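Visitor: Can you keep this structure in mind? I'll have questions shortly.
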There are 2 protein chains.
Amino acid sequence: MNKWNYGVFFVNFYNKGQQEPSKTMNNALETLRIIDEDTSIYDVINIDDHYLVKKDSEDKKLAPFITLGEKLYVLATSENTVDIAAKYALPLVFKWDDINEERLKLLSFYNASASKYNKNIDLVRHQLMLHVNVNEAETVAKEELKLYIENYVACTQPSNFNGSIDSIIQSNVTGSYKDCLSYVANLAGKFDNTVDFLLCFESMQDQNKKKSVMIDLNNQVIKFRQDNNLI
Amino acid sequence: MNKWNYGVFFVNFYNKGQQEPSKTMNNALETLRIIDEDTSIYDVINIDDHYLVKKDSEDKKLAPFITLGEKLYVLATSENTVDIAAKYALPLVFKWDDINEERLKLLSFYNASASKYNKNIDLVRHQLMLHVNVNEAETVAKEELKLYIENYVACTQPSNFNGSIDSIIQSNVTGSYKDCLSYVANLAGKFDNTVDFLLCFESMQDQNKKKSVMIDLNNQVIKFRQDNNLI
Ligand SMILES: CCCCCCCCCCC[C@H](CC(=O)O)c1c(C)c(C)cc2c1nc1c(=O)[nH]c(=O)nc-1n2C[C@H](O)[C@H](O)[C@H](O)COP(=O)(O)O
Ligand SMILES: CCCCCCCCCCC[C@H](CC(=O)O)c1c(C)c(C)cc2c1nc1c(=O)[nH]c(=O)nc-1n2C[C@H](O)[C@H](O)[C@H](O)COP(=O)(O)O
Ligand SMILES: CCCCCCCCCCC[C@H](CC(=O)O)c1c(C)c(C)cc2c1nc1c(=O)[nH]c(=O)nc-1n2C[C@H](O)[C@H](O)[C@H](O)COP(=O)(O)O
Ligand SMILES: CCCCCCCCCCC[C@H](CC(=O)O)c1c(C)c(C)cc2c1nc1c(=O)[nH]c(=O)nc-1n2C[C@H](O)[C@H](O)[C@H](O)COP(=O)(O)O
């Protein structure tokens, strides 16, 4: 409730970045391995696949409901699909490809709508979806995440790709460790400190890096909690 | 006696019919509180929404995963898929709508594939999805459950509502508590007692039976456990 739960997510696509169709998955099976045996704190896994047109037999967009464990959430996909969520008090799951700016404009309607329906959402915690990529070398990390995406937008019809693939990244989480930690736990802030994270560590090719950037942070939260009043 | 597990699923479609627009969603939310608020045996939830053509520009059908907490699953969408799932020796989620005859011919296919990749399968809990209807007057349910499906049916293209949707209902759980129970138990045996349940109590409108069937199960199972010791 000040205590930040952590989850993991994966996109669902064919041959992300460069990785050969079989490889993308073995990596993702490893990402899950850690979860089970080499960590704790990663307590839920998600599967971003939202780039899809979800409409019934009447060209009617379905209600993006995200399920995490017993809990149920709804993707803050728009101003209408977000307003509505206020109505029933449901928490939102912030998109990954949302320039932090614009995605901030949406927890805004969600404070404004909550108001409207005179709803009391002080205990509703949003979920933030970030694409981590940690490499002591500033720049390798960014040119690596610009491959997980550049593929991803082959599918989605992107106008951005005229002037924006850098911002998404700039919005996402990358660089050395400390600047990664100090960036998110900075961003939490711009979200009135009301979010939990679903962070994709799949741009990261060097498995050993990834396994190390995972159990590090585990051993970090597991402590931060322990250390001072959590569980 | 290995400790069997239970989740809860929800179907996802609009203007159900019989249940007006925000009728369903308002019941849905009531299921949800049952879980959070008065139960302890419902570990996860799910929002089935199968009837889609998870295609893309390239027309490649997307890997139909399903996630239940920190664990990954592969929906028995077909015979290949199951086979593919056989490799990674990932569990399967048998779906509420395939006729028990196909939620079996399919399980059969898995095990063929699996012990044909050397992937040990012993300890692999699969997951059964069934709609439920409970009320002493074991004839009611079938009507209010026949309804739901009859209210959904249209899209999917079921090899039967041009005959009747009596197989599907036959496959799911209609009748009366005391009975129903004994019957799914009877269904677990058809899969070497290594299948877990995902129960969607959303056929039954009277929300009092709902909260009762539910809390009825709960206690009854957490009692069982506290007994033969497993919690
Ligand atoms: C490595 C690749 C990318 C990783 C990205 C995600 C990593 C997880 C983030 C770790 C959190 C970290 C703690 C850790 O290092 O152990 C961490 C860091 C590094 C920093 C700089 C600040 C953190 C913080 N963690 C928390 C936290 O867990 N809970 C919290 O309430 N505040 C935290 N804060 C500050 C909050 O803003 C503030 O303390 C809180 O709102 C108190 O409220 P008020 O001011 O209103 O009284
Ligand atoms: C936990 C499981 C939940 C239960 C599942 C059974 C079905 C529940 C249905 C809940 C309906 C509810 C409607 C309510 O009561 O008013 C409801 C909810 C709770 C939410 C979050 C969204 C709804 C929605 N209902 C509708 C709807 O009825 N019709 C519609 O066209 N869009 C609806 N949407 C929104 C779509 O996002 C939108 O159509 C699409 O994004 C197009 O807009 P744009 O692109 O511009 O964003
Ligand atoms: C009311 C709405 C509909 C509800 C439908 C979903 C829930 C249905 C109830 C099923 C759970 C129930 C739990 C309970 O007892 O409280 C339940 C029922 C009703 C019945 C009839 C049998 C149960 C059973 N539950 C378990 C169980 O949790 N674990 C177990 O190992 N065996 C259980 N069994 C027996 C196994 O089949 C048995 O272990 C095996 O056949 C023998 O193994 P071996 O070959 O090694 O010797
Ligand atoms: C947990 C994170 C997600 C993983 C990352 C996303 C990338 C792919 C992950 C799994 C890889 C794998 C490929 C492999 O190992 O060779 C893989 C898996 C595990 C699964 C379950 C399905 C795959 C699949 N790979 C491919 C593929 O490369 N190409 C393709 O055309 N279809 C692929 N499919 C689709 C099926 O083969 C089939 O076309 C369809 O599902 C049949 O459904 P229906 O007939 O019922 O509609």
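Residues in the structure tokens are named by chain (A, B, ... in the order shown) and by number from 1 within that chain; ligands are numbered from 1 in the order shown.
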Distance limit 6 Å, reference ligand 1, atoms considered: only C-alpha atoms and all ligand atoms. Which residues make the cut? Give them as a list in words.
Guide: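 Those within range of ligand 1 are residues 2, 3, 4, 132, 134, 173, 177, 180, 181, 182, 184, 185, 189, 193, 220, 221 and 224 of chain A.
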Visitor: Using only C-alpha atoms, determine which residues lie at most 7 Å from segment 8-25 of chain B, disregarding the query and same-chain residues fewer than 6 positions distant; provide the list as number ranges by chain.
Guide: B: 42, 44-49, 151-152, 198-200
Visitor: In Å, with one decimal, what is the gap from atom CA of residue 81 of chain A to atom CA of residue 158 of chain A?
Guide: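 Between atom CA of residue 81 of chain A and atom CA of residue 158 of chain A the gap is 21.1 Å.
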Visitor: Write out as a PyMOL selection string all residues of segment 12-206 of chain A that DSSP puts in strand (DSSP E) for this structure's backbone.
Guide: chain A and resi 42-48+65-68+71-75+92-94+126-130+133-134+174-175+195-199
Visitor: Write the residues of the selection above to a file with N, CA and C atoms, as a CSV table (one decimal), in the first residue's frame.
Guide:
chain,number,residue,atom,x,y,z
A,42,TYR,N,8.9,-11.7,-8.0
A,42,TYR,CA,8.1,-11.6,-9.3
A,42,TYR,C,6.9,-12.5,-9.0
A,43,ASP,N,5.7,-11.9,-8.7
A,43,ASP,CA,4.6,-12.8,-8.3
A,43,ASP,C,3.5,-12.9,-9.4
A,44,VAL,N,3.6,-12.4,-10.6
A,44,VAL,CA,2.6,-12.5,-11.6
A,44,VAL,C,3.2,-12.3,-13.0
A,45,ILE,N,2.8,-13.0,-14.0
A,45,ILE,CA,3.4,-12.8,-15.4
A,45,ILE,C,2.2,-12.4,-16.3
A,46,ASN,N,2.4,-11.6,-17.2
A,46,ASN,CA,1.4,-11.0,-18.1
A,46,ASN,C,1.8,-11.3,-19.5
A,47,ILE,N,1.0,-11.0,-20.5
A,47,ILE,CA,1.3,-11.3,-21.9
A,47,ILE,C,0.7,-10.2,-22.8
A,48,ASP,N,1.3,-9.1,-23.0
A,48,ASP,CA,1.0,-7.9,-23.8
A,48,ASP,C,0.7,-8.5,-25.2
A,65,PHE,N,-9.7,-6.2,-20.4
A,65,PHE,CA,-9.6,-6.5,-19.0
A,65,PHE,C,-8.2,-7.3,-18.9
A,66,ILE,N,-7.5,-7.0,-17.9
A,66,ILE,CA,-6.2,-7.6,-17.6
A,66,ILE,C,-6.4,-8.3,-16.3
A,67,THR,N,-6.0,-9.5,-16.2
A,67,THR,CA,-6.2,-10.3,-15.0
A,67,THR,C,-4.9,-10.6,-14.3
A,68,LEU,N,-4.7,-10.3,-13.0
A,68,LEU,CA,-3.4,-10.6,-12.4
A,68,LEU,C,-3.7,-11.3,-11.1
A,71,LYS,N,-7.1,-10.6,-8.7
A,71,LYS,CA,-7.4,-9.3,-9.1
A,71,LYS,C,-7.7,-9.1,-10.6
A,72,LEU,N,-8.5,-8.1,-10.9
A,72,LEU,CA,-8.9,-7.8,-12.3
A,72,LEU,C,-8.6,-6.3,-12.6
A,73,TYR,N,-8.1,-6.0,-13.7
A,73,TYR,CA,-7.7,-4.7,-14.2
A,73,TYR,C,-8.2,-4.4,-15.6
A,74,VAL,N,-8.0,-3.1,-16.0
A,74,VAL,CA,-8.4,-2.7,-17.3
A,74,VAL,C,-7.4,-1.7,-17.8
A,75,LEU,N,-6.9,-2.0,-19.0
A,75,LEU,CA,-5.9,-1.3,-19.8
A,75,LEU,C,-6.4,0.2,-20.0
A,92,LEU,N,-6.1,0.5,-13.4
A,92,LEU,CA,-5.7,0.5,-14.8
A,92,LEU,C,-4.3,-0.1,-14.9
A,93,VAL,N,-4.0,-0.6,-16.2
A,93,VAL,CA,-2.7,-1.2,-16.5
A,93,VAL,C,-2.2,-0.3,-17.6
A,94,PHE,N,-1.2,0.6,-17.3
A,94,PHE,CA,-0.6,1.6,-18.2
A,94,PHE,C,0.1,0.9,-19.3
A,126,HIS,N,-2.6,1.4,-9.8
A,126,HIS,CA,-2.5,1.2,-11.2
A,126,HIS,C,-1.3,0.2,-11.4
A,127,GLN,N,-1.1,-0.3,-12.6
A,127,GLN,CA,0.0,-1.2,-12.9
A,127,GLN,C,0.7,-0.6,-14.2
A,128,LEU,N,2.0,-0.5,-13.9
A,128,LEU,CA,2.9,0.2,-14.9
A,128,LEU,C,3.7,-0.9,-15.7
A,129,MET,N,3.6,-0.8,-17.0
A,129,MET,CA,4.3,-1.8,-17.9
A,129,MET,C,5.5,-1.1,-18.7
A,130,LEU,N,6.6,-1.5,-18.2
A,130,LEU,CA,7.9,-1.1,-18.7
A,130,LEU,C,8.8,-2.3,-19.3
A,133,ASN,N,15.9,-2.9,-19.8
A,133,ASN,CA,17.1,-3.4,-20.6
A,133,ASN,C,18.3,-2.7,-19.9
A,134,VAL,N,19.0,-3.4,-19.0
A,134,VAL,CA,20.1,-2.9,-18.3
A,134,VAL,C,21.5,-3.2,-18.8
A,174,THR,N,16.0,1.8,-19.2
A,174,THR,CA,17.3,1.4,-19.7
A,174,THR,C,18.6,2.1,-19.1
A,175,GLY,N,19.7,1.5,-19.3
A,175,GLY,CA,21.0,2.0,-18.9
A,175,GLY,C,21.6,1.1,-17.8
A,195,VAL,N,1.6,3.2,-8.5
A,195,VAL,CA,1.7,2.1,-9.5
A,195,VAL,C,2.6,1.0,-9.0
A,196,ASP,N,2.4,-0.1,-9.5
A,196,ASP,CA,3.0,-1.4,-9.4
A,196,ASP,C,3.5,-1.7,-10.8
A,197,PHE,N,4.6,-2.5,-10.9
A,197,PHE,CA,5.2,-2.7,-12.2
A,197,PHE,C,5.3,-4.2,-12.8
A,198,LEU,N,5.0,-4.2,-14.0
A,198,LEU,CA,5.0,-5.4,-14.9
A,198,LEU,C,6.1,-4.9,-15.9
A,199,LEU,N,7.3,-5.4,-15.6
A,199,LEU,CA,8.5,-5.0,-16.4
A,199,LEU,C,9.1,-6.2,-17.3
Visitor: If chain A is superposed onto chain B by least squares using every Cα atom in order, what is the RMSD, in Å to one decimal?
Guide: 1.1 Å
Visitor: Counting only C-alpha atoms, which of A:168, A:156, A:210, A:123 gets nearest to chain B?
Guide: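 The shortest atom-to-atom distance to chain B comes from A:156.
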Visitor: So that I can see what lies close to residue 149 of chain A, please list as a short mmCIF file (atom, residue, chain, number, x, y, z; two decimals) with C-alpha atoms, in the first residue's frame the residues with an atom at most 10 Å from it, counting only C-alpha atoms and leaving out residues fewer than 5 positions away in the same chain.
Guide:
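Output file around.cif follows:
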data_model
loop_
_atom_site.label_atom_id
_atom_site.label_comp_id
_atom_site.auth_asym_id
_atom_site.auth_seq_id
_atom_site.Cartn_x
_atom_site.Cartn_y
_atom_site.Cartn_z
CA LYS A 16 11.10 -10.19 -31.73
CA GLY A 17 14.31 -8.21 -32.28
CA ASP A 97 4.20 2.27 -25.82
CA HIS A 131 10.45 -2.74 -21.09
CA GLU A 144 19.22 -3.17 -28.16
CA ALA A 154 6.23 -3.75 -38.31
CA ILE A 165 10.72 5.33 -31.38
CA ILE A 168 9.02 5.21 -26.19
CA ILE A 169 12.51 4.04 -25.27
CA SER A 203 15.02 -6.95 -24.93
#
